[PDB]
Each structure stands twice: as C-alpha cells, then as structure tokens.
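Report on the structure given below.
Side chains are part of it too, since the values below use all heavy atoms of this structure and drop only hydrogens, waters and symmetry mates. Chain A is the first sequence line, chain B the second, and so forth, proteins listed ahead of strands; every chain is numbered from 1.
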Amino acid sequence: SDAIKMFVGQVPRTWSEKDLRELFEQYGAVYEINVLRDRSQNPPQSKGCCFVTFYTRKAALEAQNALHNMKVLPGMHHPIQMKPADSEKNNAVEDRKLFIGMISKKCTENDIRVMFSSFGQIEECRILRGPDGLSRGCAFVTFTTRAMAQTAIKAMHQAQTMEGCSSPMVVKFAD
RNA sequence: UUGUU
C-alpha cells in the first residue's frame, strides 16, 4: 500500500541503522531507518527501538507478520514488537469527539444520535451516567471526521434548551 | 448545581 512508518521495540542497543536496514529489507523495500536516541549525556545512545518507514503498507505488514512476537534479536529476552508509529496516527478520536452538555437527563443514546445525525456519520455516542444509571446530563459524540464535528458545533451549540436544564445545550470539542 | 473521555 502507501508508505508507512513503523515503531519497533526490543532492538538491541548495539544495533545501528545499517543492521536494521538489512533485517527489514528481507521483507520489503525500506525508505529510511531512524534509531531513537537518548542525548541526556555523552555519548548519545540507542533507546533500543527504531522507526522503519516502508514504501508500501504491504511490505510493512509482511515484516510485521514475520517479526512481531516472532523473532528474538541477539541478546534480547523478548521478541520484536512492531506497530504503526505514533506519528502516523491520523484521525485521533480525541480530535473528532464532542462533549455535549446541558442535555435532558431523559435523553437516550438514540435521542442524541438522532439530533446530531444530520451533520455526519456518528462512530460512537455515549451518555455519561452515574451509579444508578441516572444521566449526568451530558454525552460524548464521535464523528468520523472532525470536519463534521466542527459543523455540528456551529449548528447546535446553545441552539436550544432541553427539559430540566438551566442553560442552553453545550456543544464543543471534548477534553 | 456546568455535568468532560
């Protein structure tokens, strides 16, 4: 597939980029390797992990299947751990999710879904509830794209006041 | 009691 950067743990601290390139190129064409380093004192030192960027997702997956939880590198007591790098995380849910405040305590997950469905696809919707299942009068709504979240905000923030609520509905990005 | 993942 398209290019992807993988995070790899349980790499010997003594290994350099050259050693890693050789390992990974068995599975696919590597774009570039970056050993994570600690420069807190002299000399800089490997943190025992690296980033490897493959040209294709297919290559990354094949390396993962071959290595992750499978191959134990020299001196290690645990096998390679391999997963997409944090830098590759894209639609963080955190930046797609709305806090909805000042909703009626009678409001159901379905009610909220229905109120906010016109603005996009809702991947998740949860009413916050206390111990006795009583609504805390708020919800989280996750859209699939933050863009749909921003649109719901503009349209729905303080647009109405619901039953029993002291102020209009609150619609904003969640903490 | 405006209650946040």
Separation of [X] atom [atom1] from [N] atom [atom2], in whole Å?
{"X": "A/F140", "N": "B/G3", "atom1": "CZ", "atom2": "P", "answer": "13 Å"}
{"X": "A/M169", "N": "B/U4", "atom1": "CE", "atom2": "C1'", "answer": "16 Å"}
{"X": "A/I100", "N": "B/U2", "atom1": "CD1", "atom2": "P", "answer": "16 Å"}
{"X": "A/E109", "N": "B/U5", "atom1": "CD", "atom2": "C1'", "answer": "15 Å"}
{"X": "A/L98", "N": "B/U4", "atom1": "CG", "atom2": "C1'", "answer": "12 Å"}

- Query: According to the side chain to side chain donor-acceptor pair (under 3.5 Å) rule, which pairs have a member within residues 125-138 of chain A, sequence neighbours left out?
  - Reply: none

- Note on the structure: The complete set of side chain to side chain donor-acceptor pair (under 3.5 Å) pairs with one or both residues in residues 160-175 of chain A, sequence neighbours excluded, reads A/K106-A/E163

- Query: Within the distance-only criterion (no hydrogens, no angle test), does the side chain of A/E17 pair as donor or acceptor with the backbone N or O of A/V35 below 3.5 angstrom?
  - Reply: yes

- Query: Would a distance-only check, ignoring hydrogens and angles, find a side-chain to backbone donor-acceptor pair under 3.5 Å from A/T56 to A/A59?
  - Reply: yes

- Message: Tell me every residue that passes side chain to side chain donor-acceptor pair (under 3.5 Å) with A/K47, counting only those two or more places apart in sequence or in another chain.
- Response: none

- Residues in side chain to side chain donor-acceptor pair (under 3.5 Å) with A/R57, at least two apart? none

Which residues within [range] lie with some heavy atom under 4.0 Å of an atom in RNA chain B?
{"range": "residues 84-95 of chain A", "value": "none"}
{"range": "residues 111-138 of chain A", "value": "A/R126, A/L128, A/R136, A/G137, A/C138"}
{"range": "residues 145-168 of chain A", "value": "A/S166, A/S167"}

Return the set of residues passing side chain to side chain contact (heavy atoms under 4.5 Å, CB included) with [X] (not counting sequence neighbours), or none when no residue passes.
{"X": "A/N65", "result": "A/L61"}
{"X": "A/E123", "result": "A/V93, A/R96, A/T142, A/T144"}
{"X": "A/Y31", "result": "A/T53, A/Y55"}
{"X": "A/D2", "result": "none"}

- Message: Tell me which pairs pass salt bridge (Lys or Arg N to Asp or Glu O under 4.0 Å) where either residue lies in residues 18-27 of chain A, with sequence neighbours left out.
- Response: A/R21-A/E25

- Can you figure out which of B/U5, B/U1, B/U2 approaches the side chain of A/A174 most closely? B/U5

